[PDB]
S.K.: 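So that we are looking at the same thing, I have put the structure below in structure tokens.
Every number for a ligand or one of its atoms is a count from 1 in the order of the listing. A note on names: the letters A, B, ... follow the listed sequences, proteins ahead of strands, and every chain is numbered from 1.
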Amino acid sequence: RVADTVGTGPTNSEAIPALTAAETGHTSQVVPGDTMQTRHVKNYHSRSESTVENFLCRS
Amino acid sequence: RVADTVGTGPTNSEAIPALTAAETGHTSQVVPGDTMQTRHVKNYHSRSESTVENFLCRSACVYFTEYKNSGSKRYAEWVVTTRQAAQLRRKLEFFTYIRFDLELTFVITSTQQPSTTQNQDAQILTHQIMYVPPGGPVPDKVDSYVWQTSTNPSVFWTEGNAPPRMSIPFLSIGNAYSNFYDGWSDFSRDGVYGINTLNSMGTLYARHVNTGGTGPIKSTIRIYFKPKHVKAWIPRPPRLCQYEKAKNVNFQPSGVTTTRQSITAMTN
Amino acid sequence: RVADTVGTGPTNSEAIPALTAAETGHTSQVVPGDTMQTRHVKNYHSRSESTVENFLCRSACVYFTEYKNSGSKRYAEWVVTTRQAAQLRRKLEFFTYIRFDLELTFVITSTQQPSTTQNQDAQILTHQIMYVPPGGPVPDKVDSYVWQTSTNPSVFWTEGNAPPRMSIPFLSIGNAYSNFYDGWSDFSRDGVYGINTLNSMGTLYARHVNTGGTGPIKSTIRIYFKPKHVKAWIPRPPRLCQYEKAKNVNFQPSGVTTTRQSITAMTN
Amino acid sequence: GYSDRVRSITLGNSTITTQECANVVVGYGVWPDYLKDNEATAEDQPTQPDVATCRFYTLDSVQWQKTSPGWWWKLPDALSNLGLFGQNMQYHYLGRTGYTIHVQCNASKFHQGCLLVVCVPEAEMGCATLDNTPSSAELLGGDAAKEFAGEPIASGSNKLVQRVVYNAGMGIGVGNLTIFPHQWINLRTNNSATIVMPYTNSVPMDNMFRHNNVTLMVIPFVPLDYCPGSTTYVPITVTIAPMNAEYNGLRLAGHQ
Amino acid sequence: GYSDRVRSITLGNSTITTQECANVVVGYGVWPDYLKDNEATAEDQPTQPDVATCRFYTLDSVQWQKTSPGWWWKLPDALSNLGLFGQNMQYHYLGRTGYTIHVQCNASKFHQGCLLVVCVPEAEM
Amino acid sequence: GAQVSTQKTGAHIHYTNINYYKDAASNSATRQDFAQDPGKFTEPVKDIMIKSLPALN
Amino acid sequence: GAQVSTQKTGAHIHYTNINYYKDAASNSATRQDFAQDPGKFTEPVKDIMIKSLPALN
Amino acid sequence: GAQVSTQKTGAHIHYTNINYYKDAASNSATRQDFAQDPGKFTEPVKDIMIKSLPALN
Amino acid sequence: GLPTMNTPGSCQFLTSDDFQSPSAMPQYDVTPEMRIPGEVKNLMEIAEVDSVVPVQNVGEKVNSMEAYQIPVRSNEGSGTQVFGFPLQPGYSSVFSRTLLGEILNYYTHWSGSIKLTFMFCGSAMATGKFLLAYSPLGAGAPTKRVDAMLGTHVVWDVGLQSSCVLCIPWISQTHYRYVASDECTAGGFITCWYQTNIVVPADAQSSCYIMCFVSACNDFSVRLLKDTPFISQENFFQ
Amino acid sequence: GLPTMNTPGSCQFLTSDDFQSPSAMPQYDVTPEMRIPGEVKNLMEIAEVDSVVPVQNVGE
Amino acid sequence: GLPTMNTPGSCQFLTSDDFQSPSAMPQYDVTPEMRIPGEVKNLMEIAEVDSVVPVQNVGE
Ligand SMILES: CCCCCCCCCCCCCCCC(=O)O
Ligand SMILES: CCCCCCCCCCCCCCCC(=O)O
């Protein structure tokens with residue numbers, strides 16, 4: 001099942017989620033909530049067609 | 001099970017069941033017993049054919065097309081639309097919003113076409129049907145790479161046996177299919193207006209896999225639609241008009257009803 | 001299981017089993033032992049073929065009709081009636097009231113018709129049968145919208161396999177089917193008189209789905225009826241007469257029985 | 001004691017009081033409500049202007065004549081340029097809202113007339129020309145009523161809504177408009193009609209300018225008629241209040 | 001709530017509904033009832049047609065004019081040729097029955113008139 | 001829910017039947033219903049008559 | 001995991017169904033869903049109205 | 001030895017499967033294997049990095 | 001290989017058949033369901049809703065909104081007949097296009113009671129009494145008010161509540177009456193009469209109008225679903 | 001796909017055969033049964049009833 | 001021989017179908033599996049990895 005967004009509220013902080021380094025090569029992993037205020041949304045979406053078997057199981 | 005009438009006896013009372021107000025818009029709900037003396041009758045009648053699923057669970061032919069083993073028109077392409085057949089369209093129109101799985105049966109019949117060629121020998125024709133999602137490359141010729149169908153669902157049928165059958169999961173970007181859309185394709189509002197704006201179900205292609213004989217053969221493919229697991233909301237009045245296009249609801253104006261000779265007369 | 005005779009011994013008595021009265025109308029019920037000395041015999045015989053269901057649970061051909069792939073008569077229409085076949089009619093007539101589920105088997109055979117055309121090629125014919133309830137629009141031509149059958153039960157058959165088969169629930173406005181009705185269609189009593197008044201079972205239509213070859217082909221469809229879950233009441237005497245019409249019981253007058261030379265003679 | 005006929009509705013800073021009214025109708029038995037988190041497709045927090053958007057707005061009145069085929073309003077277009085509510089939708093890409101409808105007509109005891117007030121989801125009007133879809137200007141009237149025509153539109157090769165009254169523009173019988181939620185105003189029995197609508201749509205939120213959810217239609221089944229010297233002008237006024245209005249997709253103003 | 005004026009009377013398959021009516025009058029405070037065995041002179045069993053006989057029957061209307069002395073009806077004669085009830089009495093030597101009377105007149109507020117509806121036992125002209 | 005019933009055999013052995021349809025009108029015929037009662041058609045008269053008594057007395 | 005259900009029969013008898021696919025969209029239609037509620041379309045109005053009371057008071 | 005498993009259905013129902021061959025290569029595909037882990041391809045680096053800390057310090 | 005026999009009718013196509021077939025796409029993730037108002041589970045519930053009746057369906061009247069209106073006026077003599085229509089909803093021209101009639105055109109058999117609702121549309125001052133009657137089959141249609149009164153009827157009074165309900169009891173030898181007209185089963189005759197003359201004050205109109213609404217009762221039911229007569233196409237639409 | 005063999009006589013039509021076939025109409029509601037006099041369960045019961053004999057079946 | 005009916009679509013070929021079919025070789029001994037780095041179970045995981053964007057895709 002797809003991950004579901006968490007609701008967020010405005011804050012001023014030392015922490016810097018958006019700022020990152022390309023040089024390390026560790027892909028940045030930041031949710032929409034860190035960049036902007038968001039609302040709690042539940043996701044019923046399923047990653048069930050991206051599986052390698054489903055992609056390659058057709059004549 | 002249908003509700004069963006209750007026996008009633010004569011009474012004189014302040015209460016007035018028959019009297020009601022149309023203006024409120026609450027439909028009056030009065031039994032026969034309130035208006036007249038009645039006898040206790042038990043009803044075994046069942047409302048089991050009026051269910052939406054029973055009403056819409058029967059195959060109907062949405063559309064048919066013809067393709068030729070020889071000549072310029074090798075294969076037939078049809079965009080997948082419910083509206084082009086009146087009977088299917090009218091019953092679907094009864095609800096504004098419908099959600100339903102689709103059952104598809106294809107019947108293919110080949111007719112020999114008269115020709116100058118002689119001593120023809122005909123090996124059994126094999127027919128291929130291939131469905132392409134929006135943006136899949138369309139075949140441009142019958143011998144194209146598109147006919148491989150590695151990423152596309154496809155069925156192969158050999159003449160002389162049961163028609164090929166498939167089940168379709170509810171496919172929509174939307175939560176429910178919309179029979180009517182009061183909207184424009186763009187924000188400006190200058191452009192095509194109608195249900196055609198929400199119309200993106202893909203296209204279906206049919207070709208002869210092989211040619212048995214030199215003489216020309218014409219094949220007709222008929223497509224049948226059967227709703228399953230039906231769910232409806234927002235019911236709409238009966239259409240009351242002959243259809244004109246499958247892209248719009250445009251109509252020639254129609255009289256309300258057939259006309260009797262006089263208000264008193266019982267003859268139509 | 002059949003009743004088994006009881007052994008008896010000679011006696012002189014006031015009691016008179018053999019003596020009885022015809023006038024009462026109570027059928028006499030006397031065993032062989034009362035009339036003569038008998039021996040104790042056990043019977044394993046079973047009354048298991050006289051049951052109404054066993055007697056009426058066998059397919060019979062009610063009617064057959066012919067339609068042509070080319071020429072004016074493209075499709076065949078038959079109104080659904082039990083009476084047009086004598087054997088089916090006679091056995092049904094044995095009970096005044098009958099209630100029963102119906103089993104239907106259709107057998108279709110196509111015969112090539114001789115013609116001037118040459119080098120004909122024939123793709124397998126597909127045959128469509130469609131049943132219309134009273135007031136459903138009738139097809140006027142073979143290419144009509146009526147042939148879509150979205151609201152109508154219909155079967156498609158490909159030549160060269162088992163005949164199509166369907167089961168029918170007991171269909172009647174009435175609690176039971178009435179073999180005989182002593183009544184008029186209207187209150188006045190001037191009008192058609194007979195069982196035809198209660199006759200509203202609908203009509204059946206058969207057409208070639210496709211034409212395989214240029215030459216003319218004639219197809220015969222045979223309809224077979226098998227009663228199931230049978231229930232009978234009010235039994236009637238044997239008809240004893242040849243039939244004349246399927247809409248009335250009108251009969252040419254008939255002698256009671258075949259005639260022997262003399263009352264004494266044992267020869268028919 | 002109390003009277004079934006008397007009513008008082010208070011929304012925001014606007015209060016409506018009618019001495020005589022038919023019982024209020026909730027169209028599907030559902031009160032309008034804010035969208036559930038379980039059902040919400042969009043991640044971003046929505047903005048709820050509360051009382052600002054949720055107040056009664058009064059539209060331009062129409063004249064009921066002895067031969068008026070009908071009057072009809074596209075409701076989302078009706079409030080598209082009215083107060084903060086007109087401003088919020090222009091600012092925001094997605095909006096979902098409930099709608100309160102109140103239709104008021106006043107006449108003397110001697111006057112006699114019957115008007116049908118029906119709100120219909122997804123009404124699609126059909127153009128008089130078969131090959132052409134109806135024009136936007138014909139389809140929606142902003143700040144002004146659009147009127148049905150007793151006769152069918154004449155033969156033409158131009159965009160034009162088909163306005164014949166019996167078809168009602170939907171090409172469906174006028175009498176069967178009962179299935180849609182509705183309230184009858186009879187001059188002898190009723191002064192005004194109140195209909196409350198739950199938000200209705202396949203999608204949870206939709207852009208208001210591109211798509212209109214419901215259309216208020218008024219048609220007189222029985223013509224207005226009066227004896228001479230009676231007031232010859234009758235006014236029908238439509239007042240609409242947004243309910244639980246919310247907005248999302250903060251965007252630069254205007255539609256294109 | 002309810003209104004004293006509104007009324008609805010249902011007898012057999014006939015229902016009468018008037019928006020405005022004066023309180024219903026029972027003439028001697030006695031409801032009509034079937035005859036007692038203690039009080040019954042005749043030995044033979046009686047036949048009771050039930051709902052058939054017991055239904056409202058509407059008579060020919062009259063015109064109220066500014067100078068109409070009066071209108072009067074002999075009730076047993078009035079229903080003597082009407083439906084099963086007219087048929088039963090013609091068939092039978094003895095009949096006893098209760099009677100429901102309903103007199104309806106409709107006029108505009110501006111109209112003014114007063115009618116006296118009286119049922120009199122044994123009136124001899 | 002399989003049903004086990006006896007077969008038709010001679011005197012002086014069970015068949016399994018499973019219903020695959022819900023229409024109930026798609027079931028097989030009830031051939032094995034061996035019940036008879038001539039009392040209606042024969043001995044119709046109200047007062048019962050004994051086998052060996054004068055019919056009219 | 002066989003499922004046993006009742007059949008459609010007259011008034012005044014079970015059919016076995018087994019699912020052989022996992023798509024769940026390959027199942028048969030739910031013909032036997034006899035539930036109805038006219039309360040939405042009829043009696044839409046907020047304040048409840050009794051069968052025999054003046055409609056407007 | 002029948003095996004009962006859940007079907008693919010929507011959110012907001014079991015299918016029986018029996019193996020008739022012993023080759024084990026004759027079985028159906030394992031479509032329902034919904035497991036994912038991006039840790040290999042994304043965040044490959046040895047020392048772990050927190051979501052909101054300076055990337056290089 | 002278990003031995004197997006093939007039943008007659010193998011490899012045949014039936015429109016109304018219920019079987020299990022393999023999905024075109026394996027394991028598709030369907031879009032989640034959301035709450036929608038006015039959910040429908042039965043066709044009968046739609047038929048219960050009242051539908052306006054074009055009682056005056058003669059000539060030009062169907063072309064105007066005058067079809068629905070029924071004319072009434074003050075008259076010199078009481079007893080004149082306001083209107084008369086056939087009882088059956090399906091075949092009769094007057095009820096054929098209504099909500100209930102349209103649903104019936106879809107089904108071969110129909111059962112149960114019909115509720116008819118009549119709303120006076122005149123001035124407050126206007127007053128009147130009308131007699132609405134249903135006559136059972138096998139009796140010639142009533143030609144006079146006295147004949148009409150024999151058939152079950154409701155006497156209606158204008159004023160106070162402005163609408164009345166005449167409920168037609170089902171009175172059929174058969175459990176089901178054909179939607180298509182049948183010689184065997186005749187539904188009945190429905191007619192209206194003036195119980196009393198309409199009375200109006202000076203400056204109030206003599207002539208008013210009465211609308212009629214038709215609906216299925218709780219006991220109503222249908223069977224043998226069939227294709228509808230009204231909808232036809234010469235060719236597939238584009 | 002379970003392996004299957006086909007018996008001789010597959011796809012053949014026998015008048016006296018008892019099998020299960022799919023109904024033309026799904027879930028039809030049959031009319032309720034009512035009590036009828038002289039119900040018949042066996043043909044033999046009809047034969048038990050006496051029948052007049054045309055013993056003098058000669059000529060006219 | 002159990003009685004059987006044939007469903008519509010018998011003997012048809014569907015690209016996306018899942019069924020059991022007999023192996024060409026009986027009882028083959030497959031080569032043993034060994035540990036391999038970067039095992040893939042989902043396509044989405046590959047899409048999560050950043051990709052350089054040709055933003056200036058004009059002409060040369
Ligand atoms: C593999 C061949 C078959 C391909 C089938 C593709 C899917 C067709 C789905 C059509 C659904 C139509 C729903 C109603 C009309 C509409 O909403 O557009
Ligand atoms: C779908 C094709 C088959 C259509 C079958 C329609 C139903 C036919 C029922 C006939 C029953 C005859 C009963 C005995 C004679 C009679 O009572 O009329």
Side-chain angles (χ1 to χ4, degrees), chain B residues 62 78-84 88-89 92 97-106 129-133 149 152-155 164-174 176-179 181 195-196 198-206 223 225 227 246, chain C residues 62 78-84 88-89 92 97-106 129-133 149 152-155 164-174 176-179 181 195-196 198-206 223 225 227 246, chain D residues 202, chain I residues 14-16 23-25 28 224, chain J residues 23-25 28, chain K residues 14-16:
Chain B
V62 70
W78 165 67
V79 174
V80 306
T81 165
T82 69
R83 293 142 202 83
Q84 303 190 172
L88 176 61
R89 192 184 190 178
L92 292 168
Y97 299 94
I98 198 72
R99 182 189 176 98
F100 68 96
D101 291 359
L102 167 60
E103 181 71 19
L104 293 170
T105 313
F106 298 106
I129 319 171
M130 179 200 171
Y131 160 78
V132 187
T149 85
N152 301 105
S154 183
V155 284
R165 225 165 290 183
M166 290 171 282
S167 297
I168 314 300
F170 167 79
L171 289 156
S172 183
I173 58 176
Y177 297 120
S178 298
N179 289 278
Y181 174 67
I195 191 48
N196 187 28
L198 317 182
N199 186 16
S200 185
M201 298 315 303
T203 310
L204 190 71
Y205 300 78
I223 305 88
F225 272 49
Chain C
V62 70
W78 165 67
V79 174
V80 306
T81 165
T82 69
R83 293 142 202 83
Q84 303 190 172
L88 176 61
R89 192 184 190 178
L92 292 168
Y97 299 94
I98 198 72
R99 182 189 176 98
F100 68 96
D101 291 359
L102 167 60
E103 181 71 19
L104 293 170
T105 313
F106 298 106
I129 319 171
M130 179 200 171
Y131 160 78
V132 187
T149 85
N152 301 105
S154 183
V155 284
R165 225 165 290 183
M166 290 171 282
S167 297
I168 314 300
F170 167 79
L171 289 156
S172 183
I173 58 176
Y177 297 120
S178 298
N179 289 278
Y181 174 67
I195 191 48
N196 187 28
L198 317 182
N199 186 16
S200 185
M201 298 315 303
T203 310
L204 190 71
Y205 300 78
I223 305 88
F225 272 49
Chain D
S202 56
Chain I
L14 193 57
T15 58
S16 62
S23 180
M25 302 161 294
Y28 177 75
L224 217 308
Chain J
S23 180
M25 302 161 294
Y28 177 75
Chain K
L14 193 57
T15 58
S16 62

S.K.: Could you establish whether C:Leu171 and ligand 2 come within less than 4.0 Å of each other, counting only heavy atoms on the residue side?
M.R.: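 So C:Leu171 counts as touching ligand 2.
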S.K.: Examine the proximity of ligand 1 to B:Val155 and report which part, side chain or backbone, both or neither, has a heavy atom under 4.0 Å away.
M.R.: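 No part of B:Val155 comes within reach of ligand 1.
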S.K.: Numbering the atoms of ligand 2 from 1, which are under 4.0 Å from a heavy atom of C:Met166?
M.R.: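 Close to C:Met166: 1 (C), 2 (C).
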S.K.: With heavy atoms of C:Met201 as the reference, note each atom of ligand 2 found under 4.0 Å away.
M.R.: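 Counting atoms of ligand 2 from 1, those under 4.0 Å from C:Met201 are 9 (C), 18 (O).
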S.K.: Counting only heavy atoms closer than 4.0 Å, does ligand 2 sit against the backbone of C:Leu104, its side chain, both, or neither?
M.R.: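 The answer is the side chain.
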S.K.: Would the number of heavy atoms belonging to other residues, nucleotides or ligands and lying under 6.0 Å from CZ of B:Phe106 be above 12?
M.R.: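 Yes.
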S.K.: Is the distance between the ring centroids of C:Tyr97 and C:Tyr177 less than 6.0 Å?
M.R.: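 No.
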S.K.: Can you name the closest pair of heavy atoms from C:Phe170 and J:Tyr28 and give their distance?
M.R.: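 Shortest heavy-atom contact: O-CE2, 3.5 Å.
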S.K.: Is there a donor-acceptor contact under 3.5 Å from the side chain of C:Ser154 to the main chain of C:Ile129?
M.R.: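 Yes: the side chain of C:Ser154 pairs with the backbone of C:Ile129.
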S.K.: Answer whether the closest heavy-atom distance between the side chains of C:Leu198 and C:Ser172 falls below 4.5 Å.
M.R.: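 SC-SC contact between C:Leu198 and C:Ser172 ruled out.
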S.K.: Counting from 1, what ligand 2 atoms have a heavy atom of C:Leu102 closer than 4.0 Å?
M.R.: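 Under 4.0 Å from C:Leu102, ligand 2 has these atoms: 8 (C), 9 (C), 10 (C).
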